[PDB]
Every structure is written in structure tokens, then in C-alpha cells.
Amino acid sequence: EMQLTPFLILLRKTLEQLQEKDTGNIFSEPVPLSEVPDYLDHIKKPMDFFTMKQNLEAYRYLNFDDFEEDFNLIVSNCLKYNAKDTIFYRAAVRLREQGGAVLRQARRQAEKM
Ligand SMILES: CCc1nnc2cc(C)c3ccc(OC)cc3n12
């Protein structure tokens, strides 16, 4: 029950804030299927920040949950595919942790709309 333009402005800002937490840029683009030939074997829906940006601008995120769901996919896919003693796994835990406050604050603002 809100206006489209301010909401998308809020999602854009939120997405940039989330991306800022990924300092190694390991989640910026789709996992390279050419480099990881077995990836799709147990990852049913790959996700990444570039794809999220495309979805946002394609008006595919019209509520906060659908945005947050794809962010959570970035994290959960990474935890699933990689062993716990890897940099990738711990980077996903860190993103989940730091992304948490970013999402909570952004949703607060959305609920004012
Ligand atoms: C989030 C990126 C990712 N998640 N799991 C893996 C596993 C692998 C193997 C992987 C390899 C290269 C790479 O460049 C971004 C990302 C990779 N990766």
C-alpha cells in the first residue's frame, strides 16, 4: 500500500549497502559455471548481486521479502556449496551477519511508507 518510486530508491540504496559488506566482491557476479562445473548439481537457484540489480530494475522486487529472499540465497548457496574451513564459507557467514542490521534498518524505513 505504498508508492513504487520511493520504494525502489530504498531497495537501490539497500543493495549498495549490502554490496559494501562484500569487500572481496566474491558475490558481485554469478558463480562462474565454467570454473565450477559441478555447481548446479545441488544449487537449484544461483544468486548474486548483479542478478539482484537486474531483478530490481526489472520491477521484480515489489515488496521487501522478495528482495531479502534473494539476498538470503546468495548466502545460503555459498554455505551449502563450500566447506566450513574455506574463505568462501566464512565470507557468507560474515555477509549474513553484517547484512542483518542493514536489512532490519531498511525494512523499518519501508514500513513507514
Ligand atoms: C560466492 C562465490 C562462490 N561460492 N561458491 C563458490 C565456489 C567456487 C569454487 C568458486 C570459484 C570461483 C569463484 O569466483 C567468484 C567463486 C566461487 N564460489
# chains A, B, ... in the order shown; residues from 1 in each chain; ligands from 1
$ residues_near_ligand --ligand "ligand 1" --cutoff "6 Å" --atoms "only C-alpha atoms and all ligand atoms" --output "PyMOL selection string"
chain A and resi 26-27+31+36+78+81-82
$ residues_around --residues "range 63-70 of chain A" --least-positions-apart "3" --cutoff "12 Å" --atoms "only C-alpha atoms" --output "ChimeraX atom specification"
/A:1-4,7-8,10-12,14-15,18,45-57,59-60,73-77,96,99-100,102-111,113
$ atom_distance --atom1 "CA of residue 32 in chain A" --atom2 "CA of residue 62 in chain A"
28.4 Å
$ closest_residue --among "A:112, A:22, A:71, A:43" --to "residue 90 in chain A" --atoms "only C-alpha atoms"
A:22
$ closest_residue --among "A:72, A:101, A:39, A:24" --to "residue 88 in chain A" --atoms "only C-alpha atoms"
A:24
